[PDB]
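Number of protein chains: 2
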Amino acid sequence: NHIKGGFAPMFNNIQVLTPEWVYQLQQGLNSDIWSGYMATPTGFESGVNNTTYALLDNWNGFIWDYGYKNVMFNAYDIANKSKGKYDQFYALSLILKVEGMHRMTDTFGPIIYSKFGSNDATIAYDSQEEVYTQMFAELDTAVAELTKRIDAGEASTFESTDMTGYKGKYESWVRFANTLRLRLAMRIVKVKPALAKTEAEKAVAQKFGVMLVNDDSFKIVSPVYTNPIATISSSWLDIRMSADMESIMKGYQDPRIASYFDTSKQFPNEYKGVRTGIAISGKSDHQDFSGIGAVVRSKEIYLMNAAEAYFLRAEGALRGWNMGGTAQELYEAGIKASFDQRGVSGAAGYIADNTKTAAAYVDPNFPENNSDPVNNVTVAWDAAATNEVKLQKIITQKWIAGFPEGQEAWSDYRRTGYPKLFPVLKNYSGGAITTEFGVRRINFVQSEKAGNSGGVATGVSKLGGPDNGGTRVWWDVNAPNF
Amino acid sequence: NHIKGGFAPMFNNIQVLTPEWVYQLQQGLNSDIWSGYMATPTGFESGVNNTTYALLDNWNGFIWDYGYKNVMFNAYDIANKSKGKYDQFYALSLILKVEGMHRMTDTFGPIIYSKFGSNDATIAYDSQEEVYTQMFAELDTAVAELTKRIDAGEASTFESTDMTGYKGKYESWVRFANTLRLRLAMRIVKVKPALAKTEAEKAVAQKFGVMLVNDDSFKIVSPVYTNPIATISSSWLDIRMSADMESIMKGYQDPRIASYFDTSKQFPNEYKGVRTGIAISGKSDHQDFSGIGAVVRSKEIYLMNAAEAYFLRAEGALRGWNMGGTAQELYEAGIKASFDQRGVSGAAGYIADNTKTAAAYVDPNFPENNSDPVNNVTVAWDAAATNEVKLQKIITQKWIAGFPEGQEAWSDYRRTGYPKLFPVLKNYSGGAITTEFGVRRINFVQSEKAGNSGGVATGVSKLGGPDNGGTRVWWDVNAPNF
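The listed protein sequences derive, respectively, from chains B and A. Just so we're aligned, residue 45 is where the first sequence starts under the entry's author numbering, counting upward by one. Just so we're aligned, residue 45 is where the second sequence starts under the entry's author numbering, counting upward by one.
Here's what the structure looks like:
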């Protein structure tokens with residue numbers, strides 16, 4: 045009973061479910077926009093903000109503070125109480141820890157990890173390379189422990205505490221952990237392709253393997269909280285469909301558009317997105333473009349869909365790895381999984397179409413925001429296509445399937461450059477962040493500079509360059525995809 | 045006859061031998077100082093300059109302009125005249141091309157390579173990753189061609205054109221090419237350890253192997269010019285012994301100090317170095333510190349010593365690669381090779397010393413420039429030391445042996461962080477360049493922004509971040525040494 049209470053704040057703060065204004069700062073005004081998923085019609089701080097590459101420390105500190113207070117602390121506390129005593133809870137805490145904390149390192153680079161809880165005046169940061177090794181080892185520990193208990197036929201003691209689709213089922217938690225390993229493996233393929241291959245193949249070959257059906261998906265099922273985006277969109281009109289989403293989903297005439305977005309008030313019965321990184325004269329100019337749709341009007345918040353497992357395996361197969369299918373088979377299975385998850389028909393026709401491509405983008409009353417399409421690729425698999433075009437197809441479909449979870453899409457975009465996104469028109473970074481490559485990370489936070497200046501200095505050392513949004517984290521090496 | 049004339053400008057402009065003021069800008073006021081080899085007593089441009097991390101476009105453009113006009117153009121011209129007709133000359137041009145142009149990409153990152161000589165308005169840059177692949181392939185072509193001729197007993201037709209220690213001997217040119225391959229292979233060990241291993245092992249496996257004795261060293265033997273550093277130092281007093289060299293070489297009581305540097309005029313019979321990245325009141329405050337010594341009072345300019353081949357193999361052995369010998373054997377052999385090269389005795393005692401370490405640095409009349417030692421490692425091999433300490437020993441000895449060739453030392457320092465160097469006290473980069481990590485590259489040059497703006501845009505794209513001195517080139521990944 046003293047252990048079980050630590051899980052709720054972990055579940056409730058991977059994405060901060062309440063209050064909504066905290067989610068808006070934790071993710072809504074960073075990766076949800078940089079990923080190309082969503083855009084704001086509001087000219088916050090005179091239009092000089094995260095969306096125009098002037099990173100705002102007053103906004104971005106919330107990411108660190110809520111994650112450490114609610115995810116990391118409880119991982120630490122649960123481990124202290126359970127490791128070597130109630131190892132099933134320790135194992136489950138490790139899986140949740142990695143789910144929450146990989147997002148943290150993917151945002152900042154170096155982070156506090158091994159030294160968390162230290163009483164030293166300096167709480168040192170680990171390098172991102174070190175954190176990734178630790179996370180893979182933590183998943184090793186968790187998977188071995190739970191698999192042992194499953195093999196023994198041990199009844200779960202986690203159902204009453206679980207807040208996911210899994211209802212305490214250890215096998216489902218292991219399958220999630222395997223899929224999370226596969227995500228982390230693919231993340232590092234440019235910097236450590238040998239480790240990427242090892243960890244990816246381990247994930248797929250583990251007894252219970254990775255996600256195969258939609259019931260395998262990782263989601264938070266809250267008894268009381270709606271996805272915060274519902275309020276930020278429908279109530280506040282502070283976030284809308286993006287121009288990238290309009291270009292790509294209208295181009296493909298994608299039936300998932302109906303659940304992802306609402307038709308526009310300003311343009312009745314039409315799906316209209318807002319361009320990011322623009323000049324904004326008044327909020328009313330874009331607030332009546334398309335809102336975020338029914339997928340966020342729910343107490344269930346998806347954090348990793350089964351579709352992603354297929355697209356990860358498809359990329360692994362493209363790279364020649366032992367993924368259990370061909371790149372084409374896995375690509376097409378991923379698309380079908382997503383169509384099924386969204387409850388829409390026509391997957392077969394969509395999959396076979398080798399004509400439809402991204403559409404031109406028009407901002408009707410502000411043509412300065414217009415663009416020719418940039419993600420110029422069809423859905424249909426072409427065996428004769430280059431590896432880059434094959435990867436572009438896979439990541440495009442992965443990006444569509446993963447909406448509205450902007451953090452993973454931002455990480456995948458940084459790594460692969462896909463899908464192609466419209467560049468910002470206004471860049472107020474003073475040269476620190478490029479228009480072509482956009483935001484590569486967020487700089488170390490105010491609470492840390494205030495209370496842990498010695499730690500921040502270790503973080504800067506392990507970052508290897510200026511502490512701004514243009515400096516690449518360890519896995520985001522300036523290197524080609526193959 | 046029409047082909048041979050192209051070689052002289054290549055030989056004479058890897059380091060620009062004349063005029064001396066051009067060498068000062070090409071290398072003397074960048075890597076010769078950033079490497080920790082040398083320091084200026086002169087407060088050029090009010091002390092806001094390359095040495096205080098305000099990169100000066102009017103200085104640094106010389107690197108690109110002289111390299112492309114004299115090395116690259118002649119490689120291109122010779123290839124056009126000789127490829128498929130006189131392949132011995134083509135092969136030799138490729139080796140010289142890689143010797144000159146690897147320095148170029150190591151300085152800027154993306155460079156013009158495959159598209160050189162294009163008539164298009166945009167002459168596109170290649171990525172550094174692409175350039176490295178091409179250089180390895182060029183060395184493959186050169187090595188195969190010359191080895192074929194050697195195997196056939198074909199007499200050299202290059203002696204009258206050669207301006208090195210090799211006197212036209214193809215076998216010595218192949219041995220140099222192998223050693224250059226090994227250098228380039230180790231450079232990329234953090235970004236592409238698989239390719240690093242492949243290319244390093246190829247270098248050693250080739251039938252002539254890498255440099256073994258000092259006569260194998262690559263040097264320019266000028267019939268007319270003295271090393272331009274002799275003038276810059278002795279005549280102009282614009283460059284002096286550095287504080288890092290004083291700390292390290294005095295700490296070890298290294299007998300090579302006597303030929304590397306002259307005793308100070310201000311401090312009779314003492315070796316005194318100047319701190320880099322400082323405030324300078326007047327040139328006279330430091331101009332009478334130690335000058336650069338007898339090693340530059342020569343018409344022979346060393347560009348790759350046999351000692352480096354041993355230290356490359358030593359590091360390869362640390363990594364478990366097929367290098368011939370143990371890390372300890374190769375380390376000690378490299379030190380002996382360097383002592384022999386410089387004509388000094390006492391190698392055995394120096395090699396066995398496990399006490400002497402870097403000395404504290406004092407600027408007698410300006411104590412604000414003082415520092416405790418930072419390269420705190422002894423010479424003696426310790427089998428029980430960590431891989432990092434072993435590497436620190438190897439690179440420290442490599443750094444001493446390679447004086448006064450600052451470019452390779454700067455590249456090795458960027459890759460490994462060794463030897464430890466004194467940080468600058470003044471940093472006028474406006475945040476673009478960190479004090480901790482120093483200059484990682486030079487920004488694209490004025491002549492290119494003026495006459496090839498389309499090409500520069502491709503270079504910036506292939507750089508992956510802001511075009512300034514803090515952005516890391518492809519091989520300079522933020523990753524650990526092992």
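All C-beta atoms in this analysis are idealised placements derived from N, C-alpha and C, irrespective of residue type, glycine included.
query, result
"Counting only C-beta atoms, is residue 158/A closer than 9 Å to chain B at any point?", "no"
"Can you name, in chain order, every residue of its own chain whose Cβ lies under 6 Å from the Cβ of residue 54/A, other than the five neighbours on each side?", "115, 118 and 140"
"With DSSP collapsed to three states, give me the class of residue 13/B.", "Absent from the model: residue 13/B. The displayed extent of chain B is 45 to 526, so no value can be given."
"May I ask you to list, following chain order, the residues of the stretch 462 to 487 of chain B that have a beta carbon less than 7 Å from some beta carbon of chain A?", "475, 476, 478, 480 and 481"
"Report the three-state DSSP secondary structure of residue 347/B (helix, strand or coil).", "strand"
"Could you compute how far the alpha carbon of residue 341/B sits from the alpha carbon of residue 502/B?", "42 Å"
"When you compare the CB positions of residue 496/A and residue 167/A, do they come within less than 9 Å of one another, or not?", "yes"
"Cβ of residue 455/B less than 9 Å from any chain A Cβ?", "no"
"Could you have a look at residue 83/B and say whether DSSP puts it in helix, strand or coil?", "strand"
"For residue 506/B, report the span of its alpha helix (DSSP H) as first-last.", "497 to 507"
"What does a CB cutoff of less than 7 Å around residue 362/A pick up in its chain, not counting 5 residues either side in sequence?", "371, 431, 434 and 435"
"Is DSSP giving residue 191/B helix, strand or coil here?", "helix"
"Pick from 250/B, 57/B and 376/B: whose alpha carbon is nearest that of residue 272/B?", "57/B"
"Answer yes or no: do residue 277/B and residue 81/B have a C-beta to C-beta separation smaller than 9 Å?", "no"
"So which residues of chain B does residue 505/A contact, with C-beta pairs closer than 8 Å?", "480"
"Under 8 Å by Cβ, that's how I've got residue 482/B and residue 78/B pegged, so tell me the actual separation to the nearest angstrom.", "6 Å"
"Quick check on this structure: which residue in 74/B, 109/B, 441/B and 85/B has the alpha carbon closest to the alpha carbon of residue 489/B?", "109/B"
"Mind checking which residues open and close the beta strand (DSSP E) that includes residue 262/A?", "262 to 265"
"If contact means a Cβ-Cβ distance below 9 Å, which residues of the stretch 150 to 184 of chain B contact chain A?", "153, 171, 172, 173 and 174"
"May I ask you to report which of helix, strand or coil DSSP gives residue 175/A?", "helix"
"Contact between the stretch 81 to 97 of chain A and the stretch 313 to 321 of chain A: three or more CB pairs below 8 Å?", "yes"
"Measuring CB atoms only, is the stretch 86 to 102 of chain B touching the stretch 126 to 136 of chain B, in the sense that at least three cross pairs come out at less than 8 Å?", "no"
"Within the stretch 283 to 327 of chain B, note down every full alpha helix (DSSP H) run reaching 4 residues or more, in order along the chain.", "301 to 304"
"I want to see whether chain A comes within less than 9 Å of residue 518/B, judged by CB atoms only; does it?", "yes"
"Under 9 Å between C-beta atoms, does residue 87/A make it to chain B?", "no"
"Would the beta-carbon of residue 203/B fall within 9 Å of that of residue 212/B?", "yes"
"Give me whichever residues DSSP pairs with residue 477/A in a beta bridge.", "BP columns for residue 477/A are empty, so no partner."
"So with CB distances below 8 Å, who are the chain A contacts of residue 509/B?", "478, 481, 484, 514, 515, 516 and 522"
"Identify, in the order they occur along the chain, each residue of the same chain with its Cβ nearer than 8 Å to the Cβ of residue 294/B, setting aside the five sequence neighbours on each side.", "301, 315 and 403"
"Using a Cβ-Cβ distance under 9 Å, would residue 233/B count as near chain A?", "no"
"Which chain B residues sit within Cβ distance under 7 Å of residue 229/A?", "The premise fails here: residue 229/A is roughly 17 Å from chain B at the closest Cβ pair, so nothing lies under 7 Å."
"Hey, how far is the Cα of residue 145/B from the Cα of residue 175/B?", "9 Å"
"Going by DSSP in three states, residue 405/B sits in which element: helix, strand or coil?", "strand"
"Would you call residue 218/A buried or exposed, if buried means 16 or more other Cβ atoms sit within 10 Å of its Cβ?", "buried"
"In the DSSP output, which residue or residues are listed as bridge partners for residue 23/A?", "Only positions 45 to 526 of chain A appear in this structure, which leaves residue 23/A out of reach."
"Please list, in chain order, the chain D residues whose beta carbon lies closer than 7 Å to that of residue 240/A.", "The structure shown contains no chain D; the protein chains it does contain are B and A."
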